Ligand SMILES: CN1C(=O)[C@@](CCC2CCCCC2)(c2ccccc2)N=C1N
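Below sits a lone chain in structure tokens, taken as the form deposited without the named molecule.
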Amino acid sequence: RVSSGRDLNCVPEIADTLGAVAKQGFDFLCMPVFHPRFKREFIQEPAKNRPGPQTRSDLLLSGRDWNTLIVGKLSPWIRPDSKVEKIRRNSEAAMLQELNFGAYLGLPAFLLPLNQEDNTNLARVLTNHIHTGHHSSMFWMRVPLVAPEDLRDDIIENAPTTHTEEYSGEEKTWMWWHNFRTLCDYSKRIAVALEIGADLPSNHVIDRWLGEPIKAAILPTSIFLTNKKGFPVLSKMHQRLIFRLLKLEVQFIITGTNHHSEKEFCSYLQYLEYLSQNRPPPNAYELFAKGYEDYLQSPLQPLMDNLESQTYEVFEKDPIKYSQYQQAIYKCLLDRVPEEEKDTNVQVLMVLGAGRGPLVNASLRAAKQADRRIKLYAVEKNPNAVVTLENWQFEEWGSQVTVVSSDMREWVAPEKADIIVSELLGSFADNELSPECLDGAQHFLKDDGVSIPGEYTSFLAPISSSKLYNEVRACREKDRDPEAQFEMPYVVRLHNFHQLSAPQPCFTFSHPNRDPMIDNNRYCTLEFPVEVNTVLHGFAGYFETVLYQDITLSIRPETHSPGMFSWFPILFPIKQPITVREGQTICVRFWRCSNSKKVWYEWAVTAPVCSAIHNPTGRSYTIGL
């Protein structure tokens, strides 16, 4: 189902127009709240004292109707950045008047145009209005993919249209929006109404708008093609754009008059609904992760904290992750015990961080599948999960499993392990301190013992996402550093963002660690070629792990384990957005730091410009040992 609105600049009489618009199938209506031609004077007499009502009454609709069906529109004669001072003054006052009437009505959204380069005074008046009282309604900036000057007909004989490619110039409307929102200081109430044109620009021009807060897409009727039966349709290129806007779940707006007058006007809407039901149906990942798009969460710390019951339940809903673990244990058992020794050799498996037992069960299933004999220790320091484990052991597992309520770094094992199995990995691999945990459990692993996983590697990638930067920003808390929210990572299902370069490996660990001197501190320098103009807001983090040999798990996009949804990516933000131009290299530097009580990350951008070093000494974020 598609959420759709009708844009009109002519409403003789609201009740009739709203009814016809509702019949056609539209969910809301963009309309003027003052008559678009009703230019008003505020300074000079006698036009300043024009009598009569300035617009029509709020009583014509119910509060609920104003609140949910009407999107306001700034009058087209209001030009706050005019060169004529008298037009500037009048436009400032009229803009405030129309915006205040919108707030008076409780409108959910208000459309304002970005139709030229210089909108500084427009930005200041809007910002002054946003900071007048506390309101939550949205301001949709109407900005086209292609500027009006750049798509006009080549019909002026002494002013021919440019036929020479201007890579940056064809991106000019993104700069209009970027400058405008920067003046307004990334106000959460200001979003983009992207106006689509008859001719789409090159892919890089569209691609600027990736990660931008697009709330609406405006489709003029003049961009629709005309099929065999005369129904309005779209080009192959426009369909690709609609599909990829449908993933952001924007609202679609139909503007312009009917140009398929043989057909009914609703048909424009009907084609959008047609396209929306023929997109690829939700995969398993999308079905489960619904609602989590760009939702920020603090990373779980299963070592420092005792996880709740429903957190383990979420861990357990992923059959792919544990069958992979089963397959890894299965292959190791066959490698370790030969066919001839299968009844005499009992392998000692220890699950280090057993949780509620999913790894224990997968180890039992792998033993039967390999038809080999295993002895199990289930080590778990969370005494609440040990309740689950000991009820399992008594009722079902029996004496084959020995539940151990201890920290794996302190437990004095009665014997050594053939295999240690663990799921101590976070979204950024080592960010739950899996290296420190397995390092301390290493002594009771046999000299030829196997650790599952045997290895894991984190990956970073620079991302652009004004939306995500705006949500970190909103995480400022009382009674702490006012910029601390930028100096900590978040577990988040990255959705509305642009990846600026391919993920590159960051930190890697292997187990067991045969090195005589073990140091889990790390320092890594990454250079990301960026072949686009953009704005850097942070770094997406992923990981890959080798459970055993060729059995792997990955959330790295280009090697993502198909169907597994256990881990969302992690996001490392930066305090200040950084402009990056095409051909420039982003250089980021990450440190893994530690003392005897805490582990943390520090990071800094060093090219094309330097950022501040983030989280020095773990002042804003640490991971408890």
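The term rigid core refers to the most C-alpha atoms you can superpose between the two forms while keeping them within 1.5 Å. Shifts are known only where both forms have a C-alpha. Throughout, we count residues from 1 along the sequence that is shown.
Could you settle it for me: does 548-556 or 198-206 have the higher average Cα B factor in the PDB entry?
The stretch with the larger mean CA B-factor is 198-206.
Given 591-599 and 43-51, the range whose Cα B-factors average higher in the PDB entry
The entry gives the higher C-alpha B-factor average to 43-51.
Which is it among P232, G538, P435, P302: the one with the largest CA B-factor in the entry?
Top of the list by C-alpha B-factor: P232.
Deposited CA B-factor, highest of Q97, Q442, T182, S427:
Of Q97, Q442, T182, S427, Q442 has the highest C-alpha B-factor.
Which third of the chain does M564 land in by C-alpha B-factor: lowest, middle or highest?
Its C-alpha B-factor, which the entry lists for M564, ranks in the highest third among residues of this chain.
In terms of the chain's CA B-factor thirds, is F26 lowest, middle or highest?
For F26, whose C-alpha B-factor we compare with every modelled residue in the chain, the answer is the highest third.
Would you mind checking where the Cα B-factor of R6 ranks among the modelled residues of its chain, as the lowest, middle or highest third?
Middle third by C-alpha B-factor.
Can you tell me whether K247 has a C-alpha B-factor in the lowest, middle or highest third compared with the other modelled residues of the same chain?
Its C-alpha B-factor belongs to the highest third of this chain's values.
Lowest, middle or highest third: which one holds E92 when the chain's residues are ordered by CA B-factor from the entry?
Middle third - that is where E92 ends up once the chain's C-alpha B-factors are sorted.
Separately, the form solved in complex with the named molecule exists; it is not shown, and the next lines address it.
Place the named molecule on the shown form using its pose in the deposited complex and a superposition of the nearby C-alphas, then give a one-word verdict, open or blocked, with blocked set at 3+ atoms within 2.4 Å of backbone or C-beta.
Transferred pose: blocked.
Does the named molecule get within 4.5 angstroms of any non-hydrogen atom of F497 in the deposited complex?
Contact with the named molecule, no.
Contact test in the deposited complex: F507 vs the named molecule, heavy atoms, 4.5 Å:
Answer yes; at least one heavy atom of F507 falls within 4.5 Å of the named molecule in the deposited complex.
Any of the heavy atoms of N431 lying within 4.5 Å of the named molecule in the deposited complex?
Result yes; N431 sits at the interface with the named molecule in the deposited complex.
Under a 4.5 Å heavy atom criterion, is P569 part of the interface with the named molecule in the deposited complex?
Contact with the named molecule, yes.
Three residues, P462, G538 and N615; all within 4.5 Å of the named molecule in the deposited complex via heavy atoms?
No, because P462, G538 and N615 lack any heavy atom that approaches the named molecule to within 4.5 Å in the deposited complex.
So if I measure heavy atom distances to the named molecule in the deposited complex, which of the stretches 538-546, 137-145, 161-169, 109-117 falls within 4.5 Å?
Looking at the other structure, the answer is 538-546.
Which listed residue (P503, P213, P435, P232) meets the criterion of a heavy atom within 4.5 Å of the named molecule in the deposited complex?
It is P435 that has a heavy atom within 4.5 Å of the partner.
Could you tell me which one of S363, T534, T173, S458 places a heavy atom within 4.5 Å of the named molecule in the deposited complex?
Contact residue from the list: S458.
Even though the chain is shown alone, can you say which residues of 590-625 have a heavy atom within 4.5 Å of the named molecule in the deposited complex?
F590, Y601, in sequence order.
Tell me, which of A147, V205, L269, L303 is the one whose C-alpha shifts by at least 2 Å between this form and the one not shown, with the rigid core superposed?
So the residue whose C-alpha moves 2 Å or more is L303.
Relative to the superposed rigid core, does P435 relocate between this form and the one not shown - that is, does its Cα move 2 Å or more?
No; that C-alpha moves by less than 2 Å between this form and the one not shown.
Could you tell me whether the Cα atom of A366 shifts by at least 2 Å between this form and the one not shown after core superposition?
Comparing forms between this form and the one not shown, the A366 CA shifts below 2 Å.
Examine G102 after superposing the rigid core and state whether its CA is displaced by 2 Å or more between this form and the one not shown.
No, its C-alpha moves less than 2 Å.
Indicate closer or farther: the Cα atoms of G426 and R356, in the deposited complex, relative to the displayed form, with a change of 3 Å or more.
Their C-alpha distance shrinks by at least 3 Å in the deposited complex.
Given a CA distance change of at least 3 Å, are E423 and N431 closer or farther in the deposited complex?
They are closer; the C-alpha distance drops by 3 Å or more in the deposited complex.
Regions of at least 3 residues displaced between this form and the one not shown by 2 angstroms or more (CA, core superposed):
Flagged stretches (3+ res, CA at least 2 Å): 280-282, 298-307, 424-432, 494-497.
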